[PDB]
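One chain follows as structure tokens, the form deposited in one PDB entry.
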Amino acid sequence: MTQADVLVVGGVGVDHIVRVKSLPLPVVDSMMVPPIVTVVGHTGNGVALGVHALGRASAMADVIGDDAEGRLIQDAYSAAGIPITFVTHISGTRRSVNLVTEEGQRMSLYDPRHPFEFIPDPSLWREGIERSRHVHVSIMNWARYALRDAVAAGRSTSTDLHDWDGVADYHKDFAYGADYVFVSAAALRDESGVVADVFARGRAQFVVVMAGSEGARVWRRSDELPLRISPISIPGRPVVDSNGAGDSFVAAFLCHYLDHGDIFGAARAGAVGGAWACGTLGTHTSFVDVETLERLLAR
């Protein structure tokens, strides 16, 4: 209802976390695992929580289900002080089963669940856009038009492409359409070439590549080479689950860049918080606050 700093569009669901000895899975008919937790998650949700956790004002706009999980999300967001605007789809809330090893390897078994061709009433995101400084668009299929609207409304825009080929046409609208572009180095064949293209064919102001344990890479039009942002080791806090890490990174970065306009400072800030999300198990269970950030950012 009120002004928000970051509007997140889409990307809230439910995650089922199974801790396994190692990946690829053994050859068995039945294997016993430690407790399988069920948490609210998915990329958009991560960013929103992270922003809110940093004292800033976030807000959600997504398609959830008339599920039990839809309602879990609903008053989970009411538990925190986070505005959520949703429409319910018959097909139900997105959810996923994530396999995690005790050393960090992650595989995600993802259930988008919504009709690929489905578009919610644009008022879903359009009202958010009027009351928001920045818009983070998560790569739900319909969310592309939110980005379209957001840019047209002269809001700063961001997106997370996640694993993306660097080739596929699906992600492309987000890659070329958003001001600040985040993507995981995971499936990138020619990062150099992919970045260069985005700069050429899109309104990408800069491109931040997240590469797990080896940190993150920041690309600028001005620099032919990426600025390398080393991963942060937290004194007292070891890595447990790198799920929600990207979203946490993004959350910190945005919050920092919205205030300072320093791109590297924000990248450093994102490296923290990204690292903080690793000290906890379970996607989007723990986020860094302001006080904790500034202490570690002096470090």
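All residue numbers are counted from 1 along the displayed sequence. Whichever C-alpha set is largest while still superposing within 1.5 Å between the two forms counts as the rigid core.
Keep in mind that the form deposited in another entry is not shown, yet the notes after this line are about it.
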Entry of 197, 163, 127, 102 that shows, once the rigid core is matched between this form and the one not shown, a C-alpha shift of 2 Å or more: 102
Using a rigid core alignment, state whether the CA of residue 25 is displaced by 2 Å or more between this form and the one not shown. yes
Could you check, with the core superposed, whether the Cα atom of residue 34 shifts 2 Å or more between this form and the one not shown? yes
